[PDB]
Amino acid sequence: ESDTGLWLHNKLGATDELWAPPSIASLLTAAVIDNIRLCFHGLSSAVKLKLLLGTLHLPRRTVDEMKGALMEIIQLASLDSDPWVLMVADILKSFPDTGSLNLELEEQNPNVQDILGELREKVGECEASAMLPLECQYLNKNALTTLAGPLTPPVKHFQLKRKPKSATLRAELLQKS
């Protein structure tokens, strides 16, 4: 295709959109993928970030076909000048072959090293009665305990001398039947 890089600008160059546009799977033709290695150097970061993230929205069948071409692009992105493009290229390098993202990201990456360094220590400081994930709210005790361990009982901030007014209300509504 003639000026295939100019055409990518008219499709993904929209600064307003920062997420995958509707029908992004149809925009990424197999032939287009093979044309990206020809015009990548001149592309802006915004378009590259839409391009790279676009590979996640492709069906497993379409990805496996041009996985060689995808590896070539992701490699190109790992040699980019934009730090955002570099970071994304490091997360997707495991995708075209495994279908899963890379979570080994500390190798020669000061940002990641500084993030994980500081927060791993912070996460360990708040292990006492730490908030659980949302799925735990849907689980029976045995599934809950298997997954997250025993729940810490509520702190006793006082001692109940008598039962509240809501205790009498339960007995009433049970008597009505």
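A residue's number is simply how far along the shown sequence it sits, counting from 1.
Checked against the record, the higher mean CA B factor of 24-32 and 37-45 lies with 24-32. Stretches 62-70 and 140-148 differ in mean C-alpha B factor, with the higher average recorded for 62-70. Highest C-alpha temperature factor among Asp82, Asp90, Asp97, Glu107 per the entry: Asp97.
Among all modelled residues in this chain, the alpha-carbon of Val155 has a temperature factor (C-alpha) in the lowest third. The PDB entry assigns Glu127 a C-alpha temperature factor belonging to the highest third of its chain's modelled residues.
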